[PDB]
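A.B. asks: got a sequence here, can you model it:
(chains A and B, ligands or ions: 3)
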Amino acid sequence: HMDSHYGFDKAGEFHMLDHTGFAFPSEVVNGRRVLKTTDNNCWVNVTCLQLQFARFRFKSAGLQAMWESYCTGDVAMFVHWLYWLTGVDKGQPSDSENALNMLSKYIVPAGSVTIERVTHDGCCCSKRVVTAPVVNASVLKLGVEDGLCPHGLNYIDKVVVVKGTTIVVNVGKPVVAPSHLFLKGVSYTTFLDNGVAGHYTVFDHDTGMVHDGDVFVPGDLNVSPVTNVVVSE
Amino acid sequence: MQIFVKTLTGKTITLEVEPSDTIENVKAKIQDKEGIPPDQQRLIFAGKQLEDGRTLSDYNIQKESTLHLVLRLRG
Ligand SMILES: [Zn+2]
Ligand SMILES: [Zn+2]
Ligand SMILES: [Zn+2]
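C.D. replies: Residues are numbered from 1 along each chain as shown, chains lettered A, B, ... in the order given. Ligands and ions are numbered 1, 2, ... in the order given. The structure is reproduced below:
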């Protein structure tokens, strides 16, 4: 029952635990619900922000009831579940792109992406239509190398057609590039190396500002190291 | 069989694996060659994140396939 009502394994074990320790102070900013920066929770803030920018749902009605409570202020349960699923200890930093990939199988697919595979001089070509909540591809219009073709030339994987909304997680280090080279998206998570810690933050393309914790700081997409983007059409 | 793994710098190393091997075994071979602990490793194939508990045959990883390595960020 517990595993069918909420849609994930060991659901009975989780729901008996105490979620109060993860009730971070939160506010509403530009309609989005964001978390105040504390206990290195920035990876949780930017992870749940992309779920809001993507307008994603969860497959089971039980998990969505948890996610809906997160957006209304009851952030204790879902935040704990992100630590419980990803296997991260409270107060410790984590990877937001790793969290989104583990969340993908629980999210209803709300979009589509065509990934074209071609080489340096069009020697071998193929197209496929991906329909997943999170797809690991290049956040740039360039693409990434993906091995050799039967002619000894490197493949290139780029997103050419976008339907609906999906989260494209970059396959590599945080990339800085001109804004007009990224895929057309609505929000970009950036990752700054402060010197061995890091700071996660989201860039709202509409307002042209940046979600930083519970505030709204200025930012420039041209100098932001993007790690994943909520691509839309 | 042999597979290729694109690393952090852009160079491509080759691994000697079996279709019955698990992803944790592939991460152990990357640690044994690049010195990166599997706790900092993320393997992507065909745009999908590879689970630790599954085998290469579960992801239909054929002979001479290419995986992408990306370091886990600490935010
Ligand atoms: Zn029920
Ligand atoms: Zn070719
Ligand atoms: Zn083509």
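A.B. asks: ok, residue A:57 touching residue A:107?
C.D. replies: Yes. Between residue A:57 and residue A:107 there is a contact under C-beta atoms under 8 Å: 7.0 Å. From N, CA and C alone the C-beta is placed, and that goes for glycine too.
A.B. asks: more neighbours: those two, which one.
C.D. replies: residue A:107 (22 against 18; other C-beta atoms under 10 Å in any protein chain shown).
A.B. asks: which residues does the more buried one contact?
C.D. replies: Shown in contact with residue A:107 (C-beta atoms under 8 Å, 6 or more residues apart in numbering or on different chains): A:51, A:56-59, A:133-134.
A.B. asks: looking at these, which is nearest chain B?
C.D. replies: Each of the contacts of residue A:107 was scored against chain B by C-beta to the nearest C-beta, and residue A:134 proved nearest at 7.8 Å.
A.B. asks: so which of the contacts of residue A:107 are also by chain B?
C.D. replies: Among those, proximity to chain B is found for residue A:134 (C-beta under 8 Å from any C-beta of the partner chain).
A.B. asks: so where does the residue in chain A sticking out farthest from the centre fall, helix or strand?
C.D. replies: Most distant residue from the mean C-alpha position of chain A: residue A:151, 35.7 Å away (C-alpha atoms, centre = their mean). Assigned by DSSP states H and E, residue A:151 belongs to no helix or strand.
A.B. asks: I'd say it and residue A:123 touch.
C.D. replies: Yes. Counting by C-beta under 8 Å, residue A:151 touches residue A:123, with 4.9 Å between them.
A.B. asks: which one is residue B:39 nearest to, not counting chain neighbours?
C.D. replies: Nearest non-adjacent residue to residue B:39, counting by C-beta to C-beta, 6 or more residues apart in numbering or on different chains: residue B:72, 7.4 Å away.
A.B. asks: need the CA coordinates for the longest strand seen in chain A. PDB is fine.
C.D. replies: Assignment by DSSP state E gives strand A:154-169 as the longest strand of chain A. Provided in PDB are the C-alpha atoms of strand A:154-169 (Å, rounded to 0.1, in the frame of the first residue of the first chain):
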ATOM      1  CA  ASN A 154      33.400  11.700 -34.100                       C
ATOM      2  CA  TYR A 155      29.600  12.000 -33.600                       C
ATOM      3  CA  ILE A 156      28.000  15.200 -32.400                       C
ATOM      4  CA  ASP A 157      24.800  15.100 -30.200                       C
ATOM      5  CA  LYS A 158      22.700  18.300 -30.200                       C
ATOM      6  CA  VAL A 159      19.100  19.200 -29.500                       C
ATOM      7  CA  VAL A 160      17.500  20.500 -32.700                       C
ATOM      8  CA  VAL A 161      13.700  20.200 -32.000                       C
ATOM      9  CA  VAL A 162      12.000  20.800 -28.700                       C
ATOM     10  CA  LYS A 163       8.300  20.000 -27.900                       C
ATOM     11  CA  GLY A 164       6.800  20.800 -24.500                       C
ATOM     12  CA  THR A 165       9.100  21.200 -21.500                       C
ATOM     13  CA  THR A 166      12.000  19.100 -20.200                       C
ATOM     14  CA  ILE A 167      15.200  19.500 -18.200                       C
ATOM     15  CA  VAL A 168      18.400  19.200 -20.100                       C
ATOM     16  CA  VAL A 169      21.300  18.400 -17.800                       C
END
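A.B. asks: figure out the helix or strand that the closest residue to ligand 2 within chain B lives in.
C.D. replies: Relative to ligand 2, the nearest point of chain B is residue B:64 (13.9 Å; C-beta to the ion). Using DSSP H and E, residue B:64 sits in no helix or strand.
A.B. asks: stretch B:49-63: which residues count as buried?
C.D. replies: B:49-51, B:55-56, B:59, B:61 (16 or more other C-beta atoms under 10 Å in any protein chain shown).
A.B. asks: how far does it sit from its chain's centre?
C.D. replies: Centre-to-centre, stretch B:49-63 and its host chain are 9 Å apart (C-alpha atoms, centre = their mean, to the nearest Å).
A.B. asks: can that stretch be found next to chain A?
C.D. replies: Yes. Under the criterion of C-beta under 8 Å from any C-beta, stretch B:49-63 makes contact with chain A via residue B:49.
A.B. asks: which positions in chain B make contact with chain A?
C.D. replies: So chain B meets chain A at B:4, B:6, B:8, B:42, B:44, B:47-49, B:64-66, B:68, B:70-75 (C-beta under 8 Å from any C-beta).
A.B. asks: all strands of chain A, in order?
C.D. replies: Using DSSP E, strands in chain A cover A:26-29, A:32-35, A:111-119, A:126-130, A:134-136, A:144-148, A:154-169, A:185-193, A:198-204, A:209-212, A:215-218, A:226-232.
A.B. asks: what residues does chain A put near chain B?
C.D. replies: So far as C-beta under 8 Å from any C-beta goes, chain A lies against chain B at A:40, A:42-43, A:46, A:93-98, A:101-102, A:104, A:115, A:130, A:132, A:134-137, A:144-147, A:157, A:171-174, A:191, A:196-200, A:227.
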